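Residues per chain are reported as follows:
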Amino acid sequence: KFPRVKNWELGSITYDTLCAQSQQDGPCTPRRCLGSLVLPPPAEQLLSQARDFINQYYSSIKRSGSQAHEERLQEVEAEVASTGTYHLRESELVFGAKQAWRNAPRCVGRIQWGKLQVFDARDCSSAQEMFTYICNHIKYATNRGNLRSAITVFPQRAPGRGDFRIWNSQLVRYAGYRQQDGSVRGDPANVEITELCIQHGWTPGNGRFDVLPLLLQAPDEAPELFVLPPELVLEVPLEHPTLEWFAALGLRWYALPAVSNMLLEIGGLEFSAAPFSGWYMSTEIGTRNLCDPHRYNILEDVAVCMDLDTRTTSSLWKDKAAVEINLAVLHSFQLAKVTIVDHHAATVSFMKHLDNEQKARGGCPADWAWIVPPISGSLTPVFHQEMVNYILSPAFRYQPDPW
Amino acid sequence: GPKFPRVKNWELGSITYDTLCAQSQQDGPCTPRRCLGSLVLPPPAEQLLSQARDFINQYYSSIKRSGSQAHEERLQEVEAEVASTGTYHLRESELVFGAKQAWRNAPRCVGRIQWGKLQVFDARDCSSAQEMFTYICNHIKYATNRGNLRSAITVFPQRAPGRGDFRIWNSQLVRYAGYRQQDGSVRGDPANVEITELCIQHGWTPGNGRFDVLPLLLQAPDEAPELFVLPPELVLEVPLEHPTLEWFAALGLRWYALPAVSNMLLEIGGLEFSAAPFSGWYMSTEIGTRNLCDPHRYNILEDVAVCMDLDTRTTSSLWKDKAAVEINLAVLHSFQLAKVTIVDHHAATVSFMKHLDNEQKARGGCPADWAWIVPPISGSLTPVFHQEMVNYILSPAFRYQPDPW
Ligand code: HEM
Ligand code: HEM
Ligand SMILES: Cc1cc(N)nc(C[C@@H]2CNC[C@H]2NCCNCCc2cccc(F)c2)c1
Ligand SMILES: Cc1cc(N)nc(C[C@@H]2CNC[C@H]2NCCNCCc2cccc(F)c2)c1
Ligand SMILES: C[C@H](O)[C@H](O)[C@H]1CNc2nc(N)[nH]c(=O)c2N1
Ligand SMILES: C[C@H](O)[C@H](O)[C@H]1CNc2nc(N)[nH]c(=O)c2N1
Ligand SMILES: [Zn+2]
């Protein structure tokens, strides 16, 4: 009835009973698995989601069934009945945000889930204020290189109006400029957003690592452009511990991974602007951002710099160059005293997390394809661990781009 | 718009719809509530007859004769045979077609570009364990072809009502012994502890090496299994050395040339071939990454990183990554030197991408298990990482089956 879950390195077996609390369907059916795909109210429905969540919260503070619990449930019924919606108390918001992260199946960093600074920005009435709030988040989370996990939560969605939105997918991204010759200068994943910025008045640069401005949108208004002060945006120059020529490549990356386009759902309420950040796992930069062929695509350049036989696949020049780039990322971050975790350290700590969650909740939703690192997969323990994937609430979700 | 899974490649930005999955008639382990895709392991006349009809229809379509009187006569022949015996039998060319189709249908195989080139050995006349041995030896000889490896399958008689199965007890035709030591550790391949112990229980005099080739335990219907040692001259092995690291040869590592799965059930039109060993050639990561570096296999990563003088005390030196790359390269280099067919994970995956286009055009999709198709080193460096895949069961199929003991 409940799925048997095996680790193939150790022979150990658990049963996932947590998955029974999923109320939201994923993409798979018995006929076909779609788990490798990247992408996919009325009163009584919102109310039942609100109840579930208030239940979750009072249980977390061990006050299940108490007066404060009963009274709070009534406040929610009263507010929904009269207004079609309700509001969270700060402490509930805090619990909700932590729980959304905990429940994130694609996140390998979840051992940190209980350590999250939550800035309540629900008294935000303008794109200008959104910016102040965004800048403080960056200041806090960066902390001179000693990164701290943080989320800032802007005003929820409301029936009769447009959303607060951050158009950018992260608070910090590098520009991608489409050239007339069809090639991209900069980061190719950011061509569209670079263009949008330009359309809304941004004076472009012409470098490979021009940090983008933020397009911020208050309800039903044109987005506004804000340039981040360079002082707030910590970058790390890339060098290699043994290869001197590496630094000459002029490669660099920003310190702060902060997602800014995902919706945060708590008890049926929706937070369309709720950016969050932690710290990088080196492979995100060393492997995906720098080596993906549809990103900076630096493999060949590096392999040529290493004088590798680039003529045949069997020389494993791709694999060899990839390792040095991952090493350069780690070394550079360690040298600049900026928090990073390598994919071995990270997956080992995720295994501990799976164990903690088994005892705590009877399971952990996890998306195997995203948990296993993009290089050296079977060299990490998560490769050998079976995983059950499902949707729990509170959750982060994708939402449509606002343009 | 289309009411079929949309499939995107994120490298190239291109889109397809899988319409083939509509043909699936066996449910996998996933529900809308939870995805179980990462789990390794998750007759009556009526059921048999419909399975048969569908296979026969598959066969006649593949020769472009759907609806023809030969098609409808063969259907008639099939039901009349089930009507009177409870089973039926495949024509020679129906077996050949079904064996290839089963390979083509296997979601976990990255080598499927090759699916149309399979030598199908018909061994449905086989009536003893001794004869299975002869057939298996002939299989190994033909498939090995002195290192110019050839895809092949040998098909032994089908499961019958109230008669024992033909079974090969070993999971592969060639595997190394794993000896459980006095100190609890394992000498040889830890994956093969059980089969080694079974071999010894059935009178095998064991060796004491890291790379001892196992004997076969072969079972004819309703008999105890008989033990057969493969003549060593038949078992091509490759000594492992590295192109520039001179000391690697001194580790004394080696692997067999021929990957030959022998414990899977080949199902075709409801008929069950309990003994149908099939063989191809290796993708290099199978040996160099999994068999050699898995913690629960040979586990040689630390040894090699020490030899390479790496800092094995800290994760962030990427010592595991560095050694793994060299062990893989050693595998490739050694097989190439020995003139034994092998394919690297870059070529293999590049060619599977091409197989995906072929199949899109031919069948409207291709069942694929992303976790198994993506190699265990350098995942996102290969194009399959960036390709969404739809996984589902088609028949003919290879299936896991329970161990005979
Ligand atoms: C503390 C350090 C953290 C590390 C090392 C980490 C690691 C990762 C990695 C490697 C991914 C996959 C990213 C990709 O391949 O694009 C990921 C995804 C994700 N993380 Fe974490 N994470 C951390 C903190 C956080 C925090 C603070 C939150 C929210 C409060 C969070 C929520 C998520 C979500 C929702 C995803 C999947 C959404 C997406 O990026 O598409 N993580 N994480
Ligand atoms: C021609 C060269 C071939 C290559 C390079 C190749 C490659 C692979 C690889 C890398 C795997 C995953 C194995 C693992 O991780 O343990 C696999 C699985 C599989 N292969 Fe192929 N293969 C080839 C030929 C064949 C042939 C001839 C057949 C059958 C006629 C076949 C049928 C299968 C099946 C059924 C599986 C899944 C069963 C399992 O779990 O091992 N392959 N193949
Ligand atoms: C908090 C935190 C820490 C960390 N290390 N890492 C993260 C997420 C990663 C980082 N860097 C990008 C984020 N992940 C974004 C994943 N993209 C979704 C796929 C997609 C969908 C639609 C369009 C498109 F182009 C792509 C968060
Ligand atoms: C024909 C061919 C060519 C090739 N390159 N490769 C192959 C399959 C590989 C080879 N070498 C092992 C096979 N595959 C092993 C299948 N194991 C998964 C299920 C299972 C079941 C029981 C125990 C266990 F640990 C795991 C076949
Ligand atoms: C198509 C496939 O699902 C896609 O490439 C996924 C695979 N696993 C991933 N895993 C992580 N962490 N990040 C990713 O972007 C992806 N991409
Ligand atoms: C848990 C996970 O499914 C398991 O370790 C799988 C992952 N992918 C694999 N892929 C291949 N090709 N071979 C394997 O043995 C595995 N093991
Ligand atoms: Zn699934």
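Each value, and the rule that gives it
Residues numbered from 1 in each chain as written, not as in the entry; some residues may be left out. Chains lettered and ligands numbered in written order. Heavy atoms only, no water. Helix = DSSP H or I, 4+ residues; strand = E, 2+ residues; numbered from the N terminus. Buried < 20%, exposed > 50% of the residue type's maximum accessible area, 1.4 Å probe, protein only. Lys, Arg positive; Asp, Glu negative; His and termini not counted. Charge placed at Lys NZ, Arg CZ, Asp CG, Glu CD. Near = heavy atom within 4 Å. Polar contact = N/O pair within 3.5 Å; in protein donor to acceptor, adjacent residues only side chain to side chain. Areas by Shrake-Rupley, 256 points an atom, 1.4 Å probe, with all protein chains shown as cover. Nonpolar A, V, L, I, M, F, W, Y, C, P; charged D, E, K, R; others polar. Domains from an automatic or database assignment. Donors = N, O, S within 2.8 Å, 3.2 Å for Na, K, Ca; no water. Salt bridge = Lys/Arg side-chain N within 4 Å of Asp/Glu carboxyl O. Contact = heavy atoms within 4.5 Å. Buried area = accessible area lost by both parts, 1.4 Å probe. Pairing = 2+ DSSP bridges. Axes fitted to C-alpha atoms, helices over the stretch in contact; angles between N-to-C directions. Patch = residues over 30% accessible without salt bridge, like charges linked within 9 Å, V, L, I, M, F, W, Y side chains within 5 Å. Parallel < 35°, antiparallel > 145°, perpendicular 65-115°, else oblique. Left-handed = near helix turned anticlockwise from the far one by under 90°.

For this deposited structure, the header cites X-ray crystallography as the method used and 2.40 Å as the resolution.

Asks: Provide a residue-level description of the overall build of chain B, including the pertinent values.
Replies: Broken down by element type, chain B carries 10 helices and 18 strands. Expressed along its principal axes, the backbone C-alpha trace of chain B runs to roughly 70 × 60 × 40 Å. The 405 residues of chain B split such that 53% are buried. Here chain B carries 37 positive and 44 negative side-chain charges, and the mean point of each set is 6 Å from the other.

Asks: How would you sum up the site of ligand 4? Please name residues and give values.
Replies: Within the structure, ligand 4 sits among 13 residues, and B:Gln172, B:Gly280, B:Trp281, B:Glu286 and B:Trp372 are positioned closest to it. Chain contributions to the surroundings of ligand 4 come from chains A and B. B:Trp281 is positioned with one of its backbone polar atoms (N or O) 3.0 Å from a nitrogen atom of ligand 4. Between a nitrogen atom of ligand 4 and a side-chain N or O atom of B:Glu286, the distance comes to 2.8 Å. Protein contacts shield 59% of the accessible area of ligand 4, which totals 640 Å² for the unbound molecule. Split into classes, the residues belonging to the shell around ligand 4 amount to 9 nonpolar, 3 polar and 1 charged. Here the shell around ligand 4 spans two domains, and each of domain 1 (18-124 + 151-161 + 265-279 + 349-373) and domain 3 (237-259 + 282-347) of chain B adds at least three residues to it.

Asks: Break down the coordination of the zinc ion (ligand 7) for me, citing the residues and quoting the values.
Replies: Binding of the zinc ion (ligand 7) to the protein goes through A:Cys28 (SG), A:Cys33 (SG), B:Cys30 (SG) and B:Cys35 (SG), at separations of 2.3 to 2.4 Å. Since its relative accessible area comes to 14%, A:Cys33 is described here as buried.

Asks: Give a description of the pattern of salt bridges that names residues and reports values.
Replies: Residues and elements named next belong to chain A. By the definition in use, this model includes 31 salt bridges over all chains. One salt bridge connects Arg122 with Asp120, and the closest N-O pair in it is separated by 2.7 Å. By relative accessible area, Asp120 is classed as partly exposed at 24%. The partner of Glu357 in a salt bridge is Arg361, and the shortest N-O contact between them spans 3.5 Å. Note that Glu357 and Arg361 are positioned in helix α9 (residues 343-361) at a spacing of 4 residues, about one turn of the helix. Here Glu357 falls in the buried class, since its relative accessible area comes to 2%.

Asks: Please set out the domain arrangement of chain A residue by residue, giving values where relevant.
Replies: Residues and elements named next belong to chain A. The domain architecture assigned to chain A consists of domain 1 (16-122 + 149-159 + 263-277 + 347-371), domain 2 (123-148 + 163-234 + 398-402) and domain 3 (235-257 + 280-345). Just the C-alpha atoms count here: the centres of domain 2 and domain 3 sit 25 Å apart. In this complex, domain 2 contributes 20 residues to the contact, which on the side of domain 3 involves 17 residues. With both sides pooled, the region where domain 2 packs onto domain 3 buries about 1,700 Å², and carbon together with sulfur makes up 57% of that total. At the boundary of domain 2 with domain 3, the tally comes to 1 salt bridge. Among the salt bridges present, the one from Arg295 reaches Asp187, with a minimum N-O distance of 2.9 Å. For the side of domain 2 that touches domain 3, the element with the most residues is helix α4 (residues 127-142), which contributes 3 residues. A class-by-class count of the residues in the side of domain 2 that touches domain 3 yields 11 nonpolar, 5 polar and 4 charged.

Asks: So, the pairing of strand β8 (residues 214-217) of chain A: which residues are in play, and what are the values?
Replies: Residue and element names in this part refer to chain A. The two faces of β8 match: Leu214 and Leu216 on one face and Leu215 and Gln217 on the other face are all buried. Pairing of strand β5 (residues 165-166) with β8 involves 2 bridges; the strand directions are antiparallel. Note on β8: the bridge partner recorded for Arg165 is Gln217. Alignment of β8 against strand β9 (residues 224-226), held across 3 bridges, turns out to be antiparallel. When the sheet's bridge partners are listed, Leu214 is paired in β9 with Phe226. Adjacent in sequence and paired antiparallel, β8 and β9 are bridged by 6 residues, among which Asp220 carries a positive phi angle near 60°.

Asks: Got a sec to walk through the interface of chain A and chain B? Specific residues and values, please.
Replies: In this complex, chain A contributes 60 residues to the contact, which on the side of chain B involves 63 residues. Taken together, the two surfaces of chain A and chain B that pack against each other cover about 5,300 Å², and 62% of this comes from carbon and sulfur. Sorting the residues of chain A by area buried against chain B places A:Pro30, A:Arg31 and A:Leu379 first, and these three jointly supply 12% of that buried surface. At the boundary of chain A with chain B, the tally comes to 0 salt bridges. Here chain A is connected to chain B by 22 residue pairs in polar contact. Those elements that provide at least two residues to the side of chain A that touches chain B are α6 (282-291), α8 (317-335), α9 and α10 (368-371) of chain A.

Asks: So what about the sheet that holds strand β13 (residues 263-266) of chain A? Which residues, and what values?
Replies: All names here are of chain A. As summarised here, the arrangement of the 3 strands in space is β14-β13-β18, forming an open sheet in which the pairing is antiparallel. A single partner strand is all that each edge strand has here, and the edge strands are β14 (269-271) and β18 (395-397). Pairwise comparison of adjacent strand axes, ignoring direction, gives a mean angle of 30° for this sheet. As judged from the 3 bridges shared by β13 and β18, these two strands associate in the antiparallel manner. When the bridges of β18 are listed, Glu265 appears paired with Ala395.

Asks: Go over a nonpolar patch on the surface with me, naming the residues and quoting the values.
Replies: Together, A:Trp8, B:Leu41, B:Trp372 and B:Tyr400 make up a nonpolar patch on the protein surface, roughly 420 Å² of accessible area in all. Position of B:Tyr400 among the secondary structure elements: in the segment after β18 (397-399). Accessibility expressed as a relative area gives 46% for B:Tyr400, which makes it partly exposed.

Asks: Please provide a residue-by-residue account of the packing of helix α1 (residues 45-62) of chain B against helix α3 (residues 92-104) of chain B, values included.
Replies: Residue and element names in this part refer to chain B. Following both chains from N to C, one finds α1 and α3 inclined at 95°, their axes separated by 10 Å at the closest point. As the angle between them shows, α1 and α3 are arranged roughly perpendicular. Residue-level contacts link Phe55, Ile56, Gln58, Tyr59 and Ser62 of α1 to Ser93, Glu94, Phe97, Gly98 and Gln101 of α3. For the contact of α1 with α3, the residue count by class is 4 nonpolar, 5 polar and 1 charged.

Asks: Can you tell me about the packing of α6(A) against α8(A), naming the residues and giving the values?
Replies: Residues and elements named next belong to chain A. Running from N to C, α6 and α8 point in directions that differ by 130°, and their axes come no closer than 8 Å. Considered as vectors, α6 and α8 are oriented oblique to each other. In the packing of α6 onto α8, the handedness of the crossing is right-handed. Residues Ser282, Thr283, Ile285, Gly286, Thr287, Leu290 and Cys291 of α6 form the contact with α8, whose participating residues are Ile325, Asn326, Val329, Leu330 and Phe333.

Asks: Can you tell me about the site of ligand 1, naming the residues and giving the values?
Replies: Residue and element names in this part refer to chain A. Inspection of the region around ligand 1 gives 19 residues, with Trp101, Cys107, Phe276, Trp279 and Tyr398 positioned closest. At 3.2 Å, a side-chain N or O of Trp101 approaches a nitrogen atom of ligand 1. Within the side chain of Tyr398, a nitrogen or oxygen atom sits 2.6 Å from an oxygen atom of ligand 1. Its residues placed into classes, the shell around ligand 1 shows 13 nonpolar, 4 polar and 2 charged. Residue contributions to the shell around ligand 1 reach at least three from each of two domains, namely domain 1 (16-122 + 149-159 + 263-277 + 347-371) and domain 3 (235-257 + 280-345).

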